[PDB]
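The chain below stands alone and is given in structure tokens; this is the form deposited in one PDB entry.
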């Protein structure tokens, strides 16, 4: 029984398991805390445990390590990676800074630690609009996600310089206007919760535009929802609100990187103390400055 083995190893290692909302149901069921990128970042600043097992993708485990440099942070598989975050390279940031030296560099937390070393502040889908609104500039450098950048431009009225030019999430790019039409036909009493990583014409059909954390916060506003994000979010919402109804917009909206994490390799992570997540001190310090500024804003 992997679940009983994991529970005993958690105790033996003085470990906490942090899980993203897109983790497999059986992984969510053994996590101590579950949340979106911003909540996982905040939760990483009050870790009393000695070991963090991060059931999520590599940039998320790195963010936890940046905020807990003297704790052991484990990722259960090094193949748990984010295709969108990998699209942004330091070269892109440097070129944009050359053109707009007075523009703050605003990096989605969906980014490498190397990239965050060049950020003035980080953001998530939950706080991107608030942060960019308060920055002392009418133009900001922003990436990697161009669909979130479109949403931020619309809501703040500021000029958004995307880095790179085509950054996007293949999972959320799957959603189309035909999925909106089918959801409206199959569930005519449901409202639509849509992630800002979806394309702009789908965003415009939303009843609410929100990160997964915002979806959880605003689900109380209606009793039936079609969920335009990675399909494991439906399980999360059904567990939190058993009295509501939730439907996937597309069952095939799956993140391969997220599903590199399994119950078995969480067990192996605790058993073998692997895979240890490390961030170079110079990169971590600079990234930490931008992430702390995000939490302060």
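Residue numbers count along the first chain shown, from 1. What we label the rigid core is the largest C-alpha set whose atoms superpose within 1.5 Å from one form to the other.
Here the subject shifts to the form deposited in another entry, a form of this protein not shown in this document.
- Among the candidates 72, 117, 135, 208, displacement between this form and the one not shown reaches 2 angstroms at the C-alpha for one position only, 135 (superposition on the rigid core).
- Once the rigid core is overlaid between this form and the one not shown, residue 222 does not reach a Cα shift of 2 Å, moving by less than that.
- Once both forms are fitted on their core, the CA shift for residue 185 between this form and the one not shown remains under 2 Å.
- The Cα position of residue 102 differs by 2 Å or more between this form and the one not shown after fitting on the rigid core.
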